[PDB]
2 protein chains.
Amino acid sequence: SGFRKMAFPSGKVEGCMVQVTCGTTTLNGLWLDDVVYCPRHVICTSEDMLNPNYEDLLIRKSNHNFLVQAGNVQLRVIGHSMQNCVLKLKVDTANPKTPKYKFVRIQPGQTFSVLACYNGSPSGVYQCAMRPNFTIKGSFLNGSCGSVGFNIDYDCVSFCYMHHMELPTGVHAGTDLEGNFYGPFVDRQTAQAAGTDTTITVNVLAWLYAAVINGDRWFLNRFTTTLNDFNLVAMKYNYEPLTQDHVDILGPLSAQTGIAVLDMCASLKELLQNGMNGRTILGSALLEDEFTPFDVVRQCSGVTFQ
Amino acid sequence: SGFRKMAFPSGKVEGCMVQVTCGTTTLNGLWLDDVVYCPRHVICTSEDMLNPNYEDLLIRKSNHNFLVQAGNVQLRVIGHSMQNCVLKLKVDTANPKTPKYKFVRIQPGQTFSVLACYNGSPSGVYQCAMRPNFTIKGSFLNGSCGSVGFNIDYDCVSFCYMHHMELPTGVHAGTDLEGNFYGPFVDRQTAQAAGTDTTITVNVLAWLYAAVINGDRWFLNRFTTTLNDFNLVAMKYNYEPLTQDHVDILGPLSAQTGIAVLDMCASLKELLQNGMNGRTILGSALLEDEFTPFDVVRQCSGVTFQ
Ligand SMILES: CNCc1ccc(-c2cccs2)cc1
Ligand SMILES: CNCc1ccc(-c2cccs2)cc1
Ligand code: NA
């Protein structure tokens, strides 16, 4: 029993974190096999942050301009290349701690663990979700660029996010490990705004299913809804549209609890209308949207109980 | 920017987790030096649990009855003994991954990171506080016993919790690493219950300071109060008493933000007496009490653990 925002154990990623220095700028890099991945903005200078020409900046660099430190060891850079917005520094040592891994680009609503790091050393681990507007709501201070987000579902680390910048509203923007930004953002200092954010409806429903699995039914009701009527209501509360894909995705949790997906939709509709009336759901007074259906199945018992 | 519930990086602890099997029961152990620590209840059948005599149950066992796996590698048990409610299995090999560590017993209100494990394999990490009622609001399924809680104090892992049981309300109980239970609990199937819990006042205040540091200031007001006056309110709202030591601990945050502790207590008084009036603080509609003053300072400064 219980339900917590749970990250993956971070050790497999800790063993890959390095420090990359270029000029006066230091940030984090990710060392896998003989490659160190980091944000290409490490090569920018102070008077050229708004419209850097990365090709022109990089061609001027030699391998020895990049200082890469792994623990107390300096690694030797033997090559470099740029892929989209990431820099790939080839080094003369394979990381002996490289885990089984892959690179996966995720979709809005997906969750992942973030290993916040400064100067190549890990600070803490927490869970994030890719918001519908392609930002994340992280905890990142100056020096955290190059920190990564990942999942580790079956002993293989799937890297999905590398941290690049903070938008004026205090939310965070970055890339996959191929260097393609999530959302319509660019690695330039010119002020950018994220789309209005919305609530991840499918995740709220999953978390209501978690609450039932853990023994709480107070918020259910005798009603149901069509999918279209649910969406017409939920959008008035800034909730994301629920698709038939989402309905299908919720099938297993519906089967476990005996609560049809559209019935749980009717419960959500009522909660949006009524609030909680001084009650909580899984210890929250707000509707939680950063647990996916997959997260709930991984964390909760397979036996609806209590 | 940003403030998130964050766990310590777990890698140093992941290298210490093993699987311990006795009879039909498998749970987790902590392998440090040449000793594996696990709950003494591992030696019990389901009839034994009604009224266990642990010393008598242990003499019937010998070393070969304890099957210990570190990953895919068997560990040979060469001795066995009990300290309070933990079994200490001497093995023939010191763990080469043993970190710098100490065993510490924590106080209610202190937070720690839990590395949830099953079959000796780390599955998730999350942040807990030892509640005033000496339970923790964990997330644990069958097979999680022996999972550990810890802090990292500079360069040293401070182990503070080993998981033993779930209480009827779905909260959790366990021991320090010397096998002394937190709270008035026993490792025997008898009627047990969590006591009425209270809110950790000093931690709420710490979190309000974190909110202000992150630009969330709507709850500030012109008023101040006195300790005796505030403690009357805390008592009324099932908050722990605030002591002068708590005030002193929060001194740094008072100086940084310009809001004296009793000034923030005036804010907390007003929130307890009037609610949040539809607003949130750091994205929460509840007053969060599982961040210590140290957690706030740490996250707000980027402290690191290589
Ligand atoms: C295998 N031995 C690991 C270990 C090493 C050092 C220490 C400490 C040294 C000083 C304070 S704690 C504790 C454990
Ligand atoms: C393999 N031993 C099975 C077992 C025995 C006792 C208990 C507990 C009873 C009360 C608190 S924990 C749990 C498991
Ligand atoms: Na005040």
Side-chain angles (χ1 to χ4, degrees), chain B residues 12-13 15-16 20-35 38-54 57-58 61 65-67 85-87 91 93-104 135 140-146 150 152-159 162-168 171-175 177 179 181-194 205 208-209 212 217-226 229-230 233 254 257-274:
Chain B
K12 274 167 172 103
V13 177
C16 302
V20 175
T21 304
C22 183
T24 45
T25 299
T26 286
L27 43 60
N28 305 280
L30 182 68
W31 180 23
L32 294 172
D33 307 311
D34 58 348
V35 178
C38 72
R40 69 179 181 172
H41 69 61
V42 73
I43 66 176
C44 301
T45 62
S46 280
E47 43 266 47
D48 286 327
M49 52 183 243
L50 275 91
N51 190 272
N53 184 337
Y54 281 102
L57 293 170
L58 193 57
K61 304 264 176 270
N65 283 139
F66 296 102
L67 289 207
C85 305
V86 299
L87 183 53
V91 294
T93 300
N95 185 354
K97 302 182 155 173
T98 303
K100 182 166 173 177
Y101 81 93
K102 310 167 306 183
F103 284 171
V104 304
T135 64
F140 291 119
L141 306 173
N142 296 333
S144 56
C145 295
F150 66 101
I152 302 169
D153 177 2
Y154 188 35
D155 64 348
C156 182
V157 173
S158 289
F159 290 106
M162 183 167 259
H163 184 51
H164 287 246
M165 66 188 291
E166 186 171 285
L167 289 163
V171 299
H172 300 100
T175 64
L177 270 293
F181 262 92
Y182 287 101
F185 304 112
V186 302
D187 53 358
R188 144 168 82 251
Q189 192 69 75
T190 199
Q192 315 192 70
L205 291 169
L208 290 176
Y209 280 110
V212 173
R217 305 169 74 91
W218 65 260
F219 49 87
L220 295 183
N221 68 31
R222 68 159 59 227
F223 304 109
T224 191
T225 184
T226 74
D229 273 2
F230 178 71
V233 173
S254 173
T257 66
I259 302 121
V261 177
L262 290 169
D263 180 1
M264 195 64 98
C265 283
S267 285
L268 183 53
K269 204 167 64 173
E270 301 307 317
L271 294 162
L272 287 173
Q273 297 174 343
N274 304 277

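Residue numbers begin at 1 in each chain, while the letters A, B, ... track the order of the sequences. For ligands, and for the atoms within them, numbers begin at 1 and follow the listed sequence.
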Q) Any side-chain heavy-atom pair from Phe219(B) and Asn274(B) closer than 4.5 angstrom? A) no
Q. Ligand 1 versus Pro99(B), non-hydrogen atoms closer than 4.0 Å: side chain, backbone, both, neither?
A. backbone
Q. Nearest 0.5 Å, what's the CG-CG distance between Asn95(B) and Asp34(B)?
A. 10.0 Å
Q. Just wondering, do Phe150(B) and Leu177(B) contact through their side chains at under 4.5 Å, heavy atoms?
A. no
Q) Would the number of heavy atoms belonging to other residues, nucleotides or ligands and lying under 6.0 Å from CG of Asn142(B) be above 12? A) no
Q | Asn28(B) and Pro39(B), any side-chain heavy atoms less than 4.5 Å apart | A | no
Could you go through ligand 2 and note, for every N or O atom, any protein N or O atom closer than 3.5 angstrom, writing the atom names and distance to 0.1 Å, or 'none'?
unit_1	atom_1	unit_2	atom_2	d
ligand 2	2 (N)	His41(B)	O	2.6
ligand 2	2 (N)	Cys44(B)	O	2.7

Q.
Could you tell me if the side chain of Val86(B) sits less than 4.5 Å from the side chain of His164(B), heavy atoms only?
A. yes
Q: Taking 3.0 Å as the upper limit, name the protein N, O or S atoms near the Na ion (ligand 3).
A: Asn221(B) O, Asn221(B) OD1, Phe223(B) O, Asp263(B) O, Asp263(B) OD1
Q) Parallel, tilted or perpendicular: which fits the ring planes of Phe185(B) and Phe181(B), with parallel below 30° and perpendicular above 60°? A) perpendicular
(Q) What I'd like to find out is whether the side chain of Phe140(B) reaches to under 4.5 Å of the side chain of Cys145(B), using heavy atoms alone. (A) no
Q) With a cut-off of 4.0 Å, which atoms of ligand 1 are near a heavy atom of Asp33(B)? A) 1 (C), 2 (N)
**Q.** Non-hydrogen side-chain atoms of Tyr209(B) and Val261(B) separated by less than 4.5 Å
**A.** yes
Q | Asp187(B) side-chain N/O to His41(B) backbone N/O, donor-acceptor pair under 3.5 Å | A | no
